[PDB]
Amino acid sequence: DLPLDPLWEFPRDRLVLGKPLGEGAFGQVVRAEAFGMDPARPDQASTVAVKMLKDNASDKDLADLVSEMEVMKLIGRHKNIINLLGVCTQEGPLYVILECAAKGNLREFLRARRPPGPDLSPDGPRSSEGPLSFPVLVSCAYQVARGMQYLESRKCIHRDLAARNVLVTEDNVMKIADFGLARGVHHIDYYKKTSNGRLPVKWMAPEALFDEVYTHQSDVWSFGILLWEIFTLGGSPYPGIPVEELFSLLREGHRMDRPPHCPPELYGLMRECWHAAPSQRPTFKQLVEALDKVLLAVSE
């Protein structure tokens, strides 16, 4: 139906669909096995993620997915983003084949790895030692920053940067996902709560929420929120604050408190990302450099 792009096109018969992963405003994602994604070894099996329309797809849903597909083509490959592996556009439903990150999104990754609390009977030399350590958390923050720095250089604005939009591979590499998505910024239900209880409005920069203005600096604001998520080990921002109260507090210039067990360096970066003037927030390049110094200092 769509034009053939031999650069990206992949034989759909070389895909074996398996367990569904998730569902969005447009399109669903299904885990699938792929054979010969590397043309050099045609019979080699690899696990991929296939994005496709729902059973409810309108012509707008198709247009959004087609748009997402083209964005993925242009943006190129980077270690810290979900990369395009191929597409299926000929003689069958539209598939957008993405990279796999085995461990799911960063929020659930962190929440599932919170330290055992005080109610655990000590067993072994590492009773009080959890899966997560400070340098790894900084690494997570650093990688997202460098990934966003790449997206920015490709003139790509995410518009909903958050821990649930960052995917974690088998080797704990951060990969930013859903960055080229048409999110319908002119009709956002600011009170809409997701199925898992998320209020996406708590990630919006003031200029984006109030003036519908999106820049790379508005992403920097969101990265500040994402930083807060990381060092709360998957906490929800503005704890116990309903959207109505969020509106007024933001107009009053209210900001989140410094989370427990979070060094002043990183809460400093958070507050810098949350400066009212977008020009007074650090660039992603500066964020990468600032987080690098912290990471190198804690990596003997």
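Start at 1 and count along the sequence shown; that's the residue number.
Of the two segments, 50-58 and 253-261, the one listed with the higher mean B-factor is 50-58 (C-alpha atoms only). Higher average CA B factor: 175-183, of the stretches 204-212 and 175-183. In the deposited coordinates, the residue among 105, 133, 153, 169 with the greatest CA B-factor is 153. Highest CA B-factor among the listed residues (115, 147, 224, 93): 115. Annotation for residue 219: C-alpha temperature factor in the middle third relative to the rest of the modelled chain, per the entry. The entry lists a Cα temperature factor for residue 140 that places it in the lowest third of the chain's modelled residues.
Ranked by Cα temperature factor within the chain, residue 40 sits in the highest third according to the deposited record. For residue 100, the recorded CA temperature factor ranks within the lowest third of the chain's modelled residues. Sort the modelled residues of the chain by CA B factor and residue 231 lands in the middle third.
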